[PDB]
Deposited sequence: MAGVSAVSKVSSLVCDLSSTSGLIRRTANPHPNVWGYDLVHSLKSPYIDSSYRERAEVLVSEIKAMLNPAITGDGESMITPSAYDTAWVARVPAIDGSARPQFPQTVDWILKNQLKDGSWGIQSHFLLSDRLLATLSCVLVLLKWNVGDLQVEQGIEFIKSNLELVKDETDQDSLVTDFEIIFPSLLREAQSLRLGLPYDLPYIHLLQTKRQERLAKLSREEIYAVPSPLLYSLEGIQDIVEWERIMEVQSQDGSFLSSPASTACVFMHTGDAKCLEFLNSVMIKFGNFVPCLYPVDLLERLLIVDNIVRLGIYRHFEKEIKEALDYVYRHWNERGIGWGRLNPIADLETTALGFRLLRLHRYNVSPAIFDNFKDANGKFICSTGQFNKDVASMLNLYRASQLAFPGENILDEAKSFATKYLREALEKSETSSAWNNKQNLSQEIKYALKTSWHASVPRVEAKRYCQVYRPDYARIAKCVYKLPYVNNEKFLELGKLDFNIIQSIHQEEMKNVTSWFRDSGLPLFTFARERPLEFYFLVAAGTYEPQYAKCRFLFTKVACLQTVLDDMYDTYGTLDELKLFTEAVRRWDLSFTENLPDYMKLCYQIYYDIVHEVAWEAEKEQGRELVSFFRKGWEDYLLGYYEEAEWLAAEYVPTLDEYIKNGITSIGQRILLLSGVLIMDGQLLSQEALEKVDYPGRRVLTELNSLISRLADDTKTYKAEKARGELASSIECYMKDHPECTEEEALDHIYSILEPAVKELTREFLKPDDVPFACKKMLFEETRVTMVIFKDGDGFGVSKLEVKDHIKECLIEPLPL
């Protein structure tokens, strides 16, 4: 550990060639995304054999005995898989292959072509249907499979195709179809747009086609589904339906996908993945263009995956809310009322429902003060997700191959606030799949979202940043060794821990100086802390505190030897920080820093007097002192004022730093003090340490229990965390990098104190985070 471990690191990723390579990847990615963000190549989605076969059914509008879109028939004839099914070869999903193959077989028969393909398709369907022994064999179901497949299979039955209609699994599916159809409000089909519009081709006996146009989308589609629209067209001759089908053929050539457009969901998925891979800083322009488009279509009624959907989609809407808010757009959690009653979202195909609830769960964590609906959403999504873990569908072959249960479990144990940013990006680089397949009417892929380039850049960029930090850690530990701080043997040496506290969140190459000075100050502070609350005597501390007031090196002749040294190092670090800040800021700051240091250490001295008198403060007193004395404020200031290119006027600084006000530095200090207390008060109580916030409350409330006391501390912490979030994301003219630096340091602090049982901080978990974040690179 420390000096020896760090100087043994020799990362190759430091060489300029790696960053130059990463820049080529950045340019390639910009070029790849351009059609989706700026051009007309939006909605890049794979073919749906199933939908293509429905479009192929449409007879020529000139009345001739041939398809209106003969290129789709040609496509189908040419794209059968080796096993006789139609679908995407990379991924096998039984329900997808069954539905698509039966769909294709039937249209080839309609046009009396493809005898061989039909023969091979029928064999696939028969042979695979006979492999199903029980329900656990069926695997994940494509959208509305239970409704559509029995309908499509009855069409085959009327043609007397050689299929096993009498299998128990087939009877079960009809049973499931009835179950679904029974909850249907049929009269309302025509008045209130619903998810079933996506699959009208499966409920043809139910729909009065003469009334269904009322819920048609503006582009002529039925909930963006080519199959569903083709069906309505063949029943009605509706011009707008035909226009939709034409527009999709024009866009894709000789096939159609199972959803179109997916303009909103695709843009959001692109941004989500770029952000989670930790590569967002390279694509500010593209993220802004993408989110601006989404925001244009954002409305009080929510959004669908496609901007023309006549009903909102929770998945897209929850994702949109989170990414928009995170990027400082103004959105209200009131949009979630669109998914309530008397919360529902228990209808639809399983993967979509789970995705919607994962997204709702993550969105709920971005709550601002007073947003009760998000607390409700959090509770609801949590319960949903825990139940989903117990459902057999979650353990289907399809879901297991994608590690769904692992993903759900990870989401539930992960608090957005209590996250290490660099670590989350590293971890996502290890989970992201370039060939990820999604499910709707058929299995599909979105290559703008899931591709090799994203991952290539993710892993490389992570490794480069890490190697840069490793060189910085050599500088840190080298400075530390010669700094004099190791001479204070009453204090633990933790230079890497403090470097991690800042570098795990504020990682960009240009902020080397910020990280360096922040680490120096934190190293000094741990000594000052041990000195005031443990090692020093009150009379010694009174002397040190007077020296603090005087700012005079000559005055230290009066101090004990160890304090003479401590004062010298303190004085040097304070003024090095101040010089750097004045350089970056172009205005005087020595006086402001000095006042900050005095208030902080006078805070320690007040606490030292309490300890000496065995005084237990009121909770109000303890928190007041703690906000000032815990040390986060002066430490944060020591970093935030020396960020390359980040100008903070007094006016701007006061927006994020203002003792006595609920601004970023104040909230961080409050949260740090109380989170620490919740994590540590029990070990400290046992050791006989001076009272914490818990103990102070109990003195204030003699009859209250320890349990009530701890609950009260959390009742202070939780509101404070929401305010922190709002202060961070709030639109203003404070350089965002500065606000982010403050917020991210708070987030890493919260990681250290997460899950406060009172026992103490896990020193081993800290080491593991440092190892993961700063020591071990990603294999390429």
Would you mind checking the deposited sequence against the model and listing the stretches with no C-alpha coordinates?
1 to 34, 377 to 379
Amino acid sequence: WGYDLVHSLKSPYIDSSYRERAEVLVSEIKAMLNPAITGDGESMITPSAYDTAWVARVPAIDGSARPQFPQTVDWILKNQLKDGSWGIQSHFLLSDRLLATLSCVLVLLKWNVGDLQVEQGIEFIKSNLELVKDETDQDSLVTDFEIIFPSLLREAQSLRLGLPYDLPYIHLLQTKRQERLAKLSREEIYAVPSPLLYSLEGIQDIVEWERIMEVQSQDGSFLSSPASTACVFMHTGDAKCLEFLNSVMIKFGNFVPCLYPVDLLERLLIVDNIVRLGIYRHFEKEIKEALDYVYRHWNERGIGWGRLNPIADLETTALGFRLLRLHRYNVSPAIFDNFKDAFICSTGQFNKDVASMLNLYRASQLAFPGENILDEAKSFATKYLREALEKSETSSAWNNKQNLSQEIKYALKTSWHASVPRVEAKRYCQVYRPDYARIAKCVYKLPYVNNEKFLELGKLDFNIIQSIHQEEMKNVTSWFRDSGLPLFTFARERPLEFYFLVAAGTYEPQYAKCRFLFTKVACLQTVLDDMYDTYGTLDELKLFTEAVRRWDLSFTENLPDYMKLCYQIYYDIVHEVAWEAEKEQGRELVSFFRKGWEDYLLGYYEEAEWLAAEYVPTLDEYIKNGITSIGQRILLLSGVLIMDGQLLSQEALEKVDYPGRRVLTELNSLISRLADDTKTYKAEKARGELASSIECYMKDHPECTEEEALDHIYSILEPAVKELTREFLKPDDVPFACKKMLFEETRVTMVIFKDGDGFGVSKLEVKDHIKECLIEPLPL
From here on, numbers count along this sequence of modelled residues.
Between us, would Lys685 come up missing in a third or more of the other compared entries?
yes
Given the B-factors recorded for C-alpha atoms, which segment has the greater mean, 643 to 651 or 220 to 228?
643 to 651
For 470 to 478 versus 606 to 614, entry-based mean Cα B-factors point to 606 to 614
Can you tell me which of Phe544, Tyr436, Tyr570, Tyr293 has the highest Cα temperature factor in the record?
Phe544
Among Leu360, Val132, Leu501, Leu93, which residue carries the highest C-alpha B-factor recorded in the PDB entry?
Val132
Ranking the modelled residues of this chain by C-alpha B-factor as given in the entry, is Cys738 in the lowest, middle or highest third?
lowest
In terms of the chain's CA B-factor thirds, is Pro67 lowest, middle or highest?
middle
Looking at the temperature factor on the CA atom of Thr38, which third of the chain's modelled residues does it land in?
highest
Select lowest, middle or highest to describe the third in which the CA B-factor of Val26 falls within its chain in this entry.
lowest
Against its chain's modelled residues, does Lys288's Cα B factor rank lowest, middle or highest third?
lowest
